[PDB]
Structure formats: structure tokens, C-alpha cells
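Here's the structure we're looking at; comments come further down.
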Amino acid sequence: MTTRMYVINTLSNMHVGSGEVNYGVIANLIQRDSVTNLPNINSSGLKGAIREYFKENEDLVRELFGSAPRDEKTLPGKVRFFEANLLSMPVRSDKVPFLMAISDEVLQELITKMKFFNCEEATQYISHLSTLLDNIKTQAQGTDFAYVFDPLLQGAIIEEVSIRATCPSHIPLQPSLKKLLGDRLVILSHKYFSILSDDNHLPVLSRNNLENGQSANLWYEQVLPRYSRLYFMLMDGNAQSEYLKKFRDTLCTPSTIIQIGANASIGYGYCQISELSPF
Amino acid sequence: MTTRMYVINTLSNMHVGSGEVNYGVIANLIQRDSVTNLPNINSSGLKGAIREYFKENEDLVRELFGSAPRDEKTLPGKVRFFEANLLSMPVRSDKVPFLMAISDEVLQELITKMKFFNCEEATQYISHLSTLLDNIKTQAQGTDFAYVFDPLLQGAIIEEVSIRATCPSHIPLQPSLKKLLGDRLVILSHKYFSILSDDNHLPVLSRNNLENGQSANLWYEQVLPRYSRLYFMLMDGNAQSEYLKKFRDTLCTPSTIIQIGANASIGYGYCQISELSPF
Amino acid sequence: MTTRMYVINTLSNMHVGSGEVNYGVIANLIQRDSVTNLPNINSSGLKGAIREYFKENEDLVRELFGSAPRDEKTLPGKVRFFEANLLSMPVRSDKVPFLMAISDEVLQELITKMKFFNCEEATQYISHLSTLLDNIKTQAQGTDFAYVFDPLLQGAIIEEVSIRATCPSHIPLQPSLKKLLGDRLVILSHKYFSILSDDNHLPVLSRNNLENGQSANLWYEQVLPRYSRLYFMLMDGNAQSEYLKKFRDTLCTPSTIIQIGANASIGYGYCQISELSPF
Amino acid sequence: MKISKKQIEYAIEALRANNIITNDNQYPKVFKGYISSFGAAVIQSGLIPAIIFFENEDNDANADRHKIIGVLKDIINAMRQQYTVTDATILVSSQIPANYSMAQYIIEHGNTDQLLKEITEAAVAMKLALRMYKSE
Amino acid sequence: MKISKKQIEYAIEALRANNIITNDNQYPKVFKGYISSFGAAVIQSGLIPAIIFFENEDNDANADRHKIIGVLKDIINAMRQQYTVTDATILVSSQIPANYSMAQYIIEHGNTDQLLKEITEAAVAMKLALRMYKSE
């Protein structure tokens with residue numbers, strides 16, 4: 001009841017700038033986790049974007065998010081927003097346009113987070129994800145692996161000639177886990193996923209500034225690829241029930257699209273937020 | 001049944017403000033220990049957070065924590081809280097997502113603190129930690145070192161301090177020490193840990209306030225990395241055993257999450273309190 | 001059965017309040033000597049803390065410390081408590097987490113106090129401390145000095161006052177002097193010690209009062225750093241040998257911790273009283 | 001920290017000497033952003049890359065960005081002039097030559113912990129001293 | 001990625017040793033674009049295509065582009081010379097032969113992340129080192 005896990009499905013190339021200076025090729029990098037070095041959204045940015053979406057409902061924002069800055073009455077927000085961590089990232093291939101890529105360490109982190117935070121429907125997900133991770137570890141036996149669960153994706157090149165996909169027939173993929181993580185799922189080793197998600201491999205978009213049709217500036221912007229999945233934790237801090245119901249209804253409505261990150265005017269950070277479906 | 005040691009495992013980034021006016025880049029600096037300059041939590045903030053968690057049980061708070069600030073009658077607190085000193089910090093690695101970093105001086109300080117305070121399960125831990133530190137000093141021979149104990153973690157690089165870890169085979173790490181200090185543990189020299197934990201290498205986050213899309217403010221915040229381990233000592237005075245048992249059960253329950261520090265609404269400073277397990 | 005020297009050796013932060021009217025940002029300042037401005041503890045506070053520890057032993061308290069404030073009949077206490085002057089303080093270092101800082105002037109004042117009071121083991125300590133001080137003055141030759149006695153500690157940096165630690169190889173530090181003054185001892189000029197122990201360099205902590213998430217009050221607190229050493233003189237007059245022996249044995253017991261200072265519930269000012277060991 | 005008045009005076013003199021503030025107490029607007037960004041660049045990147053970026057002449061910028069590096073060098077020189085020459089001290093008091101780029105000095109004068117501290121303090125002093133003047 | 005001062009030193013000596021930097025601390029203005037384009041090509045097309053393109057000697061370019069690949073090789077050799085014994089067990093510490101083609105060296109050694117990371121760091125170091133000197 002208190003804690004729910006929400007999945008973020010991005011519909012365009014999303015950029016949450018870290019704001020730091022990079023003197024290499026990429027001038028603008030994206031936010032990364034302080035521990036795992038994976039792309040993420042700061043909880044402040046998530047809360048700001050969601051508050052911007054709900055700004056019209058003044059009572060709901062005041063009860064859930066808190067008081068507006070520099071208001072005379074500073075009242076704390078009741079709902080607690082946790083940072084969104086990368087769940088699945090699309091990887092380019094030769095057999096299919098893109099595949100859903102997740103590492104064993106990402107799965108273990110998700111299992112640990114569900115154990116610690118005690119999500120609403122966490123028990124079945126933890127059980128099945130632990131079973132899947134144990135099967136993957138048994139099959140790998142300490143080596144690098146790229147495991148697909150579709151027999152047609154055998155021998156697929158996951159963005160790099162070194163990484164080739166093998167299909168272990170013994171390991172089953174439950175349909176709810178497929179829905180959570182994504183179709184055409186590949187389980188990568190930590191080394192492979194770190195290589196595929198580092199600064200030399202993440203997609204970059206080139207932009208230039210034109211003055212009377214002549215280029216004045218030029219820079220590269222790192223982006224999180226479209227259709228990437230991130231999970232964040234929402235804690236119900238004794239907030240009012242009806243406002244909470246309205247919040248979850250609007251948030252999980254299929255017609256709802258939320259903008260998170262930078263470059264809103266050029267259609268960058270548009271996402272769909274989904275709740276953890278019961279298993 | 002007195003002066004037992006509790007371990008704090010952070011589930012997210014922790015910011016406990018020092019309240020000092022820094023005119024440099026990082027306006028919001030975290031709280032650091034007076035003598036060792038390591039990040040810490042004052043016992044005042046710890047007591048405030050634990051009182052806030054337990055505020056529903058009025059009698060337990062009155063007996064153990066004291067009296068409300070605006071109560072007509074004053075009641076001294078019966079339980080003695082102590083400052084939470086940093087034990088382990090996560091550091092980035094290439095073979096694994098992160099390593100648990102502790103220094104020889106941190107271990108010496110922990111052993112000395114346990115000897116002075118005589119924790120409930122202090123004897124075996126002191127003996128084994130002294131053995132481990134003696135073995136580490138024997139192997140290091142006064143040189144800078146970075147020792148991992150899982151043979152698979154040999155050659156793991158600490159990213160901030162670009163030093164690869166070596167595996168001393170003859171130094172054993174006991175499972176209880178693994179449970180206390182954390183999994184994937186690297187023991188470094190004092191200089192390496194000081195460089196890792198300094199203001200320049202701790203995670204700094206950029207934040208802004210937006211008014212109708214344009215940036216109104218901008219400031220830099222530093223935080224304690226997620227999964228950081230801190231320990232504090234808890235002494236019970238002439239406190240009733242029933243309330244103490246209720247407090248210890250609730251505090252060490254796996255479903256209990258305590259918020260310590262600032263930025264509660266954006267999921268900062270959420271942690272779990274664990275007791276010192278018998279060796 | 002005469003004047004005896006005791007060492008305090010605080011195991012945590014210590015705040016003994018002056019009650020003075022503050023003119024700056026720090027509302028709660030610590031007690032300082034009128035003449036030398038060094039941190040001190042009033043004899044009333046020492047007597048109160050020691051009587052609080054022994055309060056259960058009614059006969060010992062009545063014999064040594066005297067009658068209770070509400071006692072229907074008044075008995076003067078046979079034990080006279082004196083001021084607790086600062087002996088050593090921990091200062092921030094680079095090769096080690098901290099060093100125990102002592103000055104030449106406080107050493108001379110200690111020698112004068114032992115000569116004036118005629119402590120139990122005064123003579124040998126006076127002779128050896130005088131030889132050490134004369135060697136220090138011979139090596140310094142009127143210059144600002146900072147001498148370490150562990151060869152590994154040569155080149156250490158005192159952070160607050162940017163001075164470097166030198167190692168005079170011809171000045172032996174006897175083991176008893178190490179036991180009295182502390183490990184990793186640094187002897188420096190009294191100007192450096194005064195700067196290190198002044199109001200601008202003593203740890204200052206910000207504190208809060210929160211009502212339903214709203215800050216009610218704000219103030220700043222001054223504390224004496226943990227592991228600081230203070231010495232005082234205890235005069236027993238002529239008490240019962242059994243009660244005096246019980247008092248000394250309980251004080252010197254390694255498991256005995258005394259609370260001196262204000263903030264007992266948040267672990268401020270827990271110490272371990274030592275006795276002047278024979279040289 | 002706390003504001004160092006002497007460093008603010010050094011910053012004022014260096015800002016005047018490096019032709020940042022005109023005869024009227026006025027400066028080009030972009031220098032505020034330059035000074036503010038210098039510290040963040042120093043922290044996020046290395047000190048050497050930040051000094052290279054800001055000291056770089058012939059860049060495409062709205063004003064003379066290397067002037068802030070000149071101001072920083074002047075402030076560091078004043079600090080080293082005021083440094084107390086005593087034994088058992090850490091700080092080296094030798095001035096930075098006027099024919100030397102700051103990047104070259106930091107390159108061949110490593111173990112630059114003192115230089116890092118001085119550069120951060122000088123950046124803070126520059127930021128606080130620039131507020132006495134007006135931006136055109 | 002943080003560029004060390006030793007990497008920038010290696011870049012300076014490599015740019016002098018090949019002949020990017022003249023004896024009067026000046027370089028042709030087109031090498032700036034050469035290094036920036038090499039970084040962009042590495043990030044976009046890949047390590048091997050960029051190395052092959054900039055390694056070519058039968059160019060129509062104004063200046064000698066292959067000297068930037070030579071500087072790359074020298075910087076990588078200097079970086080590998082300081083590899084620690086425990087680093088050599090994980091990383092390849094062998095020196096690249098002077099007359100060896102860099103592209104064929106990379107191909108024969110695979111496409112390992114070590115070589116790509118070294119190339120990217122050395123390219124950033126080259127850019128920073130050129131930023132310290134005057135564009136003719």
C-alpha cells in the first residue's frame with residue numbers, strides 16, 4: 001500500500017543532463033547512478049516533472065508534492081519519490097531492429113530493492129526473478145553470456161561482433177517477467193552490459209547552431225535510447241486517499257505522457273509510467 | 001543487554017547537512033566527523049529520525065526518548081544515542097558494479113571503539129578484526145595496498161583512485177566479517193580511502209529551481225553514496241525492558257525503513273538498522 | 001592518601017556549557033579557562049558527573065562527595081575536586097586520521113601544577129617531562145616547531161595550521177609519557193595549539209527543532225573533539241580506605257564510562273578516567 | 001569556509017590589473033558566468049583540463065576568458081608573497097613567472113595539492129569580489 | 001573520464017616528437033580540426049574506421065594527418081610504460097612497434113575495450129595539449 005514500483009517507458013530519445021563539463025567528444029552527458037554508473041533519473045527531476053504535469057490540480061499538488069517555492073506557508077510533501085534506475089535498454093542487432101538488454105547485476109539490484117522496499121506485488125516477482133537469476137548463473141558457470149529466450153534470436157549480434165546470443169532451452173521466461181522487462185529480452189553479463197552502456201557506446205546526437213544558414217556552434221549530446229525502461233519507487237507517506245487515487249489513476253492512464261529531462265521543445269524526454277502489474 | 005552496536009545500511013543517497021556556509025561550488029555539504037573527517041551522522045539527527053519513526057507510540061517515545069519540546073513537564077531521555085560513523089563506502093569498479101571500501105584506519109577505529117564501549121558481541125569481533133588487521137599490515141609491509149578477498153575480484157580497478165586491487169591469498173575473511181563490512185569488500189590504505197571519501201570524489205549532484213521553464217536558482221549538492229554502511233552505539237540506561245524490547249524489535253525488523261537527513265520527499269537518507277550479529 | 005592526577009580521555013564529543021552570553025553565531029559555548037582561554041571543566045561539573053555515576057552506592061557518595069541537596073542533615077564531602085585542564089587535543093592530519101596535539105606551554109603548566117600539588121607519582125614525571133621540554137627547547141632554538149616521535153609520522157601535515165611535523169631523532173619519548181599524552185603525539189608551539197583550540201576551529205554543529213516538518217528553532221553548538229585528554233587533581237583529605245579504594249578501583253576499571261557534559265541522551269561527553277601510573 | 005578579506009583585496013587588485021573592470025566600476029556581463037563556471041569545471045573535470053580550457057586564447061567566446069586565469073595567477077602570486085617563510089611549513093612561496101602559462105606551471109610543478117587549494121580559494125575570492133561591480 | 005596531468009605531458013612530448021608543435025610553440029591550425037574529427041569519428045563510426053581514415057598517408061589533406069595517429073601511438077606507448085605489474089596481468093602492457101600499422105595492430109589484437117579506452121583518452125589528451133599552444 002505504502003510502496004509501489006512504477007516502470008518508465010520512454011517514447012523518444014531522453015536526456016537528463018548531469019550538468020558537468022566534459023572536455024571530450026560529448027559536451028552534454030546524461031545522469032548516471034552514483035554507485036552502479038548506470039543511466040538514471042534523479043528523484044528531484046522525477047518529482048519536478050510529475051509536479052509540472054499535475055500543476056493544474058492545485059489542491060492535489062499541495063497535498064501530495066508540497067508547497068510551491070517561496071510560498072508563505074511551507075508545508076512538506078507527503079508522497080516520497082525515489083530515483084529511477086535503468087531496467088532495460090534497447091540494443092541494436094542484425095536479426096531484429098533492437099533487443100531489450102538487461103544485465104544479471106541489474107536483475108540482482110532489482111531483486112534487492114524489492115526485498116528492501118517491500119513493493120505491493122513484490123513476492124511473486126522476487127521468487128521468479130531469483131529463480132531466473134539462479135538458472136542463468138548455473139548455465140553461465142562464471143563466463144560471459146548473452147542469453148535470449150526466443151529460439152529465433154540465436155546467433156544475433158548484440159551491438160558488437162564479440163557479443164553473440166545463445167538460447168538456453170532450459171531457462172524459462174515467465175510472461176509477466178517478459179511484460180515487465182520487455183519483448184525480445186537478452187540477459188547480458190555485467191561486462192557486456194557495461195560496455196554497451198558506457199560513454200563510448202551510448203547513442204549521441206549531433207547538433208549545430210546556424211547563423212544565416214552558416215554553422216556557428218557544434219556539439220554532441222548523449223541520449224538514452226528510445227523505448228528504454230526505468231523503475232522507480234513511490235512511497236505513500238500517509239497522504240489523503242482520494243488525492244492518491246487521482247494521482248495513480250492519472251499517472252497510469254494509457255493516454256498520459258509525461259516529459260522528463262531536457263530538450264522538451266524538441267521532443268526528447270516523453271515517457272509513459274506504468275504500475276507493477278500483479279503476477 | 002547494554003551498549004550494543006547497530007549498523008546502518010543506506011537504501012538510497014543520504015544527505016545530512018552540516019549547516020556551514022560554503023561559498024564555493026558545493027553550497028550544501030554533508031556532515032563529517034570532527035576528528036577523522038569521515039562522513040557521519042550526529043546523534044541528534046539519529047535520535048530525531050528514530051523518534052519520528054516511533055512518534056505513533058506515545059508511551060514508548062516518552063519512556064525511551066524523553067519528552068516533547070513543548071510538553072509542560074520535562075522528562076530526560078533514558079536511551080543514549082551515539083553518532084553514526086562511516087564503516088563501508090561503495091566505490092566504482094570494472095569487474096563488478098561496485099566494491100565495499102574500508103580502510104585500515106577505519107578498522108582500527110572500529111576496534112578501539114568496540115574495546116572502549118564493550119559491545120554485546122564485541123569480544124569475538126575484536127579478536128577476528130585484530131587478526132585481519134595484523135595480517136593486512138604484515139602483507140602490506142608499509143606500502144599502499146588495495147586487498148580483495150574473493151579470488152574473482154583480483155585486478156578490480158577503483159575508478160576514482162585508479163588502483164587495481166590485489167588478492168592476498170593467505171589472509172582469510174570470515175563470513176561474519178563479510179556480513180558486517182559488506183560483500184565485495186576492498187581494504188585500502190588510509191590515503192586511498194581519504195581520497196575516495198573527500199569532497200572532490202564524493203558524488204556531487206546539480207539541482208535547479210524552474211519558474212515557468214526558466215531556471216530561477218542553481219546549486220550543487222553532495223551526498224553519501226547508496227549502500228553506504230554506518231555504525232552507531234546505543235546505550236540503554238534505566239529504561240524499562242518491555243519498551244526496550246519493543247524498540248529493538250521494531251528497529252531491527254526487516255520491514256522497517258528509517259529516513260535520516262534531508263530531502264525526504266525525494267527519497268534521500270532511507271536506511272535499515274541492523275544489530276551486531278553474534279559471531 | 002594525597003593529591004592525585006587523573007586523566008579524562010573523552011570517548012565522544014564533549015559539551016560542558018559555560019552559560020555565558022554569546023556575541024556570535026554559536027549559542028552554546030564550552031567552558032574555557034579565564035586566564036589561558038583553554039577548554040576546561042569546572043570542578044562542580046566533575047563532582048556532579050562522578051557523583052551521578054556513584055549515586056547508587058549511597059555510602060560511598062555520603063563519605064566522599066557528601067550529603068544530598070535535600071538531606072535533612074549536612075555532611076561536608078571529604079574529597080576536593082579541582083579544575084580539568086586540557087592536556088591534548090586531536091588535530092586533523094594527512095598521513096593519519098588525526099594526531100594528539102600538545103604544546104610546550106601546557107607541558108610547562110602541567111609541570112608547575114604537579115610541583116605545586118605534589119601528586120603521588122609527581123617526581124619521576126617532573127624529571128622526565130623537564131628533560132623532554134629542555135630537549136625540545138634545545139632543538140627548536142626559538143623557532144616554531146612541530147615534533148613527531150614516531151619515525152613513520154615524519155612529514156605529517158597539521159591541516160588547520162599548515163605546518164609540517166619534524167622528527168628529532170635524539171629526543172626519546174618514554175613509554176609512560178606516551179601513555180599519559182597519547183599515541184601519535186605532536187608537540188608544537190602554543191600559538192598553533194591556541195589557534196587549533198580557539199572558537200573558530202573547535203567543531204561547530206548546526207541543530208534543528210522540527211514540528212510536523214516545520215523548523216521551529218535553529219541554533220549552533222560548540223563541542224570538544226572526541227579523544228581529547230584533560231587532567232584534574234583530586235584531593236581526598238583523609239577518607240575511609242575502603243571507600244577510597246572502591247572509588248579508585250571503580251574509576252580505573254576499563255568498563256567504567258563517565259558522562260561529563262550537557263547532551264547525555266545523544267552521547268556527548270562520555271569519558272574514561274585514568275590514574276597517574278607509576279613511571 | 002569563511003570569507004577571507006585579504007584574498008578579496010587581492011582579487012580586487014587583480015581584477016583591476018588584468019583589465020576586467022573598466023575605468024568605471026563596470027565589467028562585461030559574461031565574466032560572471034566565467035568565474036562561476038571555473039570552480040564547477042575544476043571540481044567536475046581535473047584542475048589541469050579546466051585551466052587549459054579557460055587559459056585557451058583564440059577561442060570562440062564573447063570576451064577574453066584567459067583574463068580570469070591572469071587574475072587567478074595574480075591572486076596566487078599575492079598569496080605566496082604574503083605567505084610566512086618558516087621551517088616546517090608546507091607552502092612554497094615562489095612566485096609564478098609572468099612569462100609562464102598557468103598550465104605549464106602546474107604541469108612541471110606537480111604534487112599540486114597546495115596549488116589546487118590556492119586556485120579554489122582564489123576562485124571563491126574572485127566570485128565574491130566581482131559582486132562589488134556592475135555588469136554592462 | 002578524467003585526464004591525468006601525466007597523459008597531457010605524454011601528449012605534449014608526442015606532439016613535439018612527431019612534429020605537430022614547432023620549436024616556437026606553434027602548430028598548424030588544421031590539426032585542431034583533425035583531432036576533433038578523429039574523436040567524432042571514433043565515437044560515431046568506430047575505432048577501426050577512424051584509425052584507418054586518419055592513418056592514410058595518400059591524402060588530399062592540407063597537412064600530414066597521419067602524424068596524429070603517430071602521436072596516438074606514442075601516447076599509448078608512454079601510458080603502457082607506466083602500467084603496474086598487477087595491471088599487466090589484466091591489461092596488455094606490450095609496447096606497440098614503431099613501424100607497425102596501428103589499424104592492423106588493433107585488428108590483430110581484436111577490438112578490446114582497453115584499446116578503445118586508451119585511444120579515446122589519448123585523443124582527449126591531444127586536444128587538451130593543442131589547446132595549450134597557439135594556432136600559428
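Here's how to read the names in the C-alpha cells: chain A, B, ... by the order shown, residue numbers from 1 in each chain, ligand numbers from 1 in the order shown.
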Sort by chain and increasing residue number a table of all residues of chain E within 7 Å of chain D, each with its closest pair of atoms and their distance in Å to one decimal, counting only C-alpha atoms, and write it as a tab-separated table.
```
residue	atom	partner	partner_atom	distance
E:2	CA	D:45	CA	6.1
E:3	CA	D:46	CA	6.9
E:5	CA	D:107	CA	6.5
E:128	CA	D:52	CA	6.7
E:131	CA	D:56	CA	5.9
E:132	CA	D:52	CA	6.1
```
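Inside range 139-218 of chain C, the residues DSSP reads as strand (DSSP E) when given the backbone are residues 146, 147, 148, 157, 158, 163, 164, 185, 186, 187, 188, 204, 205, 206, 207, 208, 209, 210, 211, 214, 215, 216, 217 and 218 of chain C.
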Self-check item: Check: which chain E residues lie within 10 Å of chain A using only C-alpha atoms, as number ranges by chain
Solution: E: 1-3, 36-44, 46, 110-113, 116-117, 120-121, 123-125, 127-128
Store the residues of this selection in a file with N, CA, C and O atoms, as a compact mmCIF listing (two decimals), in the first residue's frame.
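What ended up in out06.txt:
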```
# COMPACT_ATOMS: atom_id res chain seq x y z
N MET E 1 35.30 10.29 -17.42
CA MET E 1 36.73 10.10 -17.63
C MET E 1 37.51 11.38 -17.32
O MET E 1 37.23 12.44 -17.87
N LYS E 2 38.48 11.27 -16.42
CA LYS E 2 39.33 12.38 -16.03
C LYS E 2 40.71 12.20 -16.64
O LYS E 2 41.32 11.13 -16.50
N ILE E 3 41.20 13.23 -17.32
CA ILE E 3 42.50 13.19 -17.97
C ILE E 3 43.56 13.58 -16.95
O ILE E 3 43.49 14.65 -16.34
N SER E 36 39.72 16.89 -33.44
CA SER E 36 38.29 16.91 -33.13
C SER E 36 37.53 15.93 -34.02
O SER E 36 36.66 15.18 -33.55
N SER E 37 37.85 15.91 -35.32
CA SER E 37 37.20 14.99 -36.24
C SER E 37 37.55 13.55 -35.93
O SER E 37 36.71 12.66 -36.10
N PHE E 38 38.78 13.29 -35.48
CA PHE E 38 39.13 11.93 -35.09
C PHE E 38 38.31 11.47 -33.89
O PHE E 38 37.84 10.33 -33.86
N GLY E 39 38.15 12.34 -32.90
CA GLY E 39 37.30 11.99 -31.77
C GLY E 39 35.87 11.71 -32.19
O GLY E 39 35.26 10.72 -31.76
N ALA E 40 35.32 12.57 -33.06
CA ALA E 40 33.95 12.36 -33.54
C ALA E 40 33.83 11.06 -34.32
O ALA E 40 32.85 10.33 -34.17
N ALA E 41 34.82 10.76 -35.17
CA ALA E 41 34.79 9.53 -35.96
C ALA E 41 34.88 8.30 -35.07
O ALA E 41 34.20 7.30 -35.32
N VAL E 42 35.72 8.35 -34.03
CA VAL E 42 35.81 7.24 -33.10
C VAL E 42 34.47 7.03 -32.40
O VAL E 42 34.01 5.89 -32.24
N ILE E 43 33.83 8.12 -31.97
CA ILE E 43 32.57 7.96 -31.24
C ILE E 43 31.45 7.49 -32.17
O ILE E 43 30.54 6.78 -31.73
N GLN E 44 31.49 7.86 -33.45
CA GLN E 44 30.37 7.56 -34.34
C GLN E 44 30.57 6.28 -35.15
O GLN E 44 29.80 5.33 -35.02
N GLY E 46 33.38 4.18 -35.33
CA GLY E 46 34.09 3.12 -34.65
C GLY E 46 35.59 3.36 -34.65
O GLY E 46 36.11 4.22 -35.35
N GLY E 110 42.37 -7.59 -31.79
CA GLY E 110 40.93 -7.68 -31.63
C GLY E 110 40.21 -6.36 -31.78
O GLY E 110 40.43 -5.62 -32.75
N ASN E 111 39.29 -6.09 -30.87
CA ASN E 111 38.70 -4.76 -30.73
C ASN E 111 38.48 -4.44 -29.26
O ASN E 111 37.51 -3.77 -28.91
N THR E 112 39.38 -4.92 -28.40
CA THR E 112 39.15 -4.94 -26.97
C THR E 112 38.88 -3.54 -26.43
O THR E 112 39.32 -2.53 -26.99
N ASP E 113 38.13 -3.50 -25.32
CA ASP E 113 37.77 -2.22 -24.71
C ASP E 113 38.99 -1.46 -24.24
O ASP E 113 38.96 -0.23 -24.15
N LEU E 116 40.26 0.75 -27.21
CA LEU E 116 39.34 1.85 -27.47
C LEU E 116 39.40 2.90 -26.37
O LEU E 116 39.41 4.11 -26.65
N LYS E 117 39.43 2.46 -25.11
CA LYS E 117 39.52 3.40 -24.00
C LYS E 117 40.82 4.19 -24.05
O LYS E 117 40.83 5.41 -23.85
N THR E 120 40.58 6.79 -26.86
CA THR E 120 39.73 7.92 -26.50
C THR E 120 40.42 8.85 -25.51
O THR E 120 40.41 10.08 -25.68
N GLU E 121 41.05 8.28 -24.48
CA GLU E 121 41.76 9.10 -23.50
C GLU E 121 42.91 9.86 -24.15
O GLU E 121 43.12 11.04 -23.86
N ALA E 123 43.16 10.74 -27.33
CA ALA E 123 42.62 11.78 -28.19
C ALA E 123 42.20 13.01 -27.39
O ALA E 123 42.47 14.15 -27.79
N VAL E 124 41.55 12.79 -26.24
CA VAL E 124 41.19 13.92 -25.39
C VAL E 124 42.45 14.62 -24.89
O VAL E 124 42.50 15.86 -24.82
N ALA E 125 43.48 13.85 -24.53
CA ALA E 125 44.74 14.44 -24.10
C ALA E 125 45.37 15.27 -25.21
O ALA E 125 45.92 16.35 -24.95
N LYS E 127 43.79 16.80 -27.65
CA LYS E 127 43.00 18.02 -27.79
C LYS E 127 43.39 19.03 -26.71
O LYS E 127 43.61 20.21 -26.99
N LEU E 128 43.51 18.56 -25.46
CA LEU E 128 43.88 19.45 -24.37
C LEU E 128 45.28 20.01 -24.56
O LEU E 128 45.54 21.17 -24.23
```
Taking the backbone alone, and naming residues the way the document does, which bits of range 21-66 of chain E are helix (DSSP H, G or I) by DSSP, as a PDB file with C-alpha atoms, in the first residue's frame?
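Below is the file that was written, part_14.pdb:
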```pdb
ATOM      1  CA  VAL E  30      44.208  22.401 -39.161  1.00  0.00           C
ATOM      2  CA  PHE E  31      45.409  19.807 -36.621  1.00  0.00           C
ATOM      3  CA  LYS E  32      42.793  21.123 -34.183  1.00  0.00           C
ATOM      4  CA  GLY E  33      40.074  20.070 -36.608  1.00  0.00           C
ATOM      5  CA  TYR E  34      41.974  16.856 -37.322  1.00  0.00           C
ATOM      6  CA  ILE E  35      41.895  15.790 -33.667  1.00  0.00           C
ATOM      7  CA  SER E  36      38.292  16.906 -33.129  1.00  0.00           C
ATOM      8  CA  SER E  37      37.199  14.994 -36.240  1.00  0.00           C
ATOM      9  CA  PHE E  38      39.131  11.926 -35.093  1.00  0.00           C
ATOM     10  CA  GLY E  39      37.297  11.989 -31.770  1.00  0.00           C
ATOM     11  CA  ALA E  40      33.954  12.363 -33.538  1.00  0.00           C
ATOM     12  CA  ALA E  41      34.793   9.534 -35.957  1.00  0.00           C
ATOM     13  CA  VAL E  42      35.807   7.236 -33.097  1.00  0.00           C
ATOM     14  CA  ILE E  43      32.572   7.961 -31.243  1.00  0.00           C
ATOM     15  CA  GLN E  44      30.368   7.561 -34.343  1.00  0.00           C
ATOM     16  CA  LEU E  47      37.714   2.719 -33.663  1.00  0.00           C
ATOM     17  CA  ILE E  48      38.883   0.800 -36.739  1.00  0.00           C
ATOM     18  CA  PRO E  49      37.255   3.065 -39.391  1.00  0.00           C
ATOM     19  CA  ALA E  50      38.585   6.239 -37.757  1.00  0.00           C
ATOM     20  CA  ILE E  51      42.081   4.796 -37.332  1.00  0.00           C
ATOM     21  CA  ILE E  52      42.100   3.653 -40.963  1.00  0.00           C
ATOM     22  CA  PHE E  53      40.877   7.037 -42.220  1.00  0.00           C
ATOM     23  CA  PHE E  54      43.356   9.145 -40.267  1.00  0.00           C
ATOM     24  CA  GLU E  55      46.234   6.672 -40.723  1.00  0.00           C
ATOM     25  CA  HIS E  66      48.895  10.521 -40.091  1.00  0.00           C
TER      26      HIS E  66
END
```
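Least-squares superposition puts chain E on chain D with a C-alpha RMSD of 1.3 Å, counting every Cα pair in order.
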Quiz item: Taking only C-alpha atoms into account, what are the residues of chain A at most 8 Å from chain C, put as a VMD selection string?
Solution: chain A and resid 74 to 76
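With CA of residue 237 in chain C on one side and CA of residue 64 in chain C on the other, the separation reads 9.5 Å.
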Quiz item: Got a sec: who's within 10 Å of range 127-141 of chain C, counting only C-alpha atoms, leaving out chain neighbours fewer than 5 positions off, as a ChimeraX atom specification?
Solution: /C:104-105,107-108,110-111,122,146-147,168,170-174,176-177,187-189,279
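Between CA of residue 86 in chain E and CA of residue 97 in chain B lies a distance of 20.0 Å.
If you look at CA of residue 90 in chain B and CA of residue 228 in chain B, they are 6.2 Å away from each other.
Around residue 252 in chain B, within 9 Å and counting only C-alpha atoms, the residues found are residues 6, 247, 248, 249, 255, 256, 272, 273, 274 and 275 of chain B, once anything fewer than 3 positions away on its own chain is removed.
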Exercise. Using only C-alpha atoms, determine which residues lie at most 9 Å from range 80-83 of chain E, disregarding the query and same-chain residues fewer than 4 positions distant; provide the list as JSON, numbers by chain.
Key: {"E": [75, 76, 87, 88, 91, 92, 93, 94, 95]}
Can you write out the residues you just picked, keeping C-alpha atoms, as an mmCIF file, in the first residue's frame?
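Saved to again-v5.cif:
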```
data_model
loop_
_atom_site.group_PDB
_atom_site.id
_atom_site.type_symbol
_atom_site.label_atom_id
_atom_site.label_comp_id
_atom_site.auth_asym_id
_atom_site.auth_seq_id
_atom_site.Cartn_x
_atom_site.Cartn_y
_atom_site.Cartn_z
ATOM 1 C CA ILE E 75 50.935 8.490 -26.075
ATOM 2 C CA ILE E 76 49.665 4.915 -25.793
ATOM 3 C CA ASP E 87 47.773 -4.042 -14.319
ATOM 4 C CA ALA E 88 49.837 -6.091 -16.787
ATOM 5 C CA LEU E 91 45.805 -5.245 -19.354
ATOM 6 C CA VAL E 92 48.201 -5.679 -22.268
ATOM 7 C CA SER E 93 51.396 -3.807 -21.375
ATOM 8 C CA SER E 94 53.337 -4.682 -24.535
ATOM 9 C CA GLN E 95 54.747 -1.744 -26.480
#
```
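Residue neighbourhood of residue 59 in chain C, excluding near-sequence residues (fewer than 4 positions): residues 51, 54, 55, 63, 64, 65, 66, 67, 68, 77, 240, 242, 243, 244, 246 and 247 of chain C, at 12 Å, using only C-alpha atoms.
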Quiz item: Which neighbours of residue 24 in chain D fall inside 12 Å, counting only C-alpha atoms, when residues of the same chain fewer than 2 positions from it are skipped, and could you give them as a list in words?
Solution: residues 16, 19, 20, 21, 22, 26, 27, 28, 133, 134, 135 and 136 of chain D
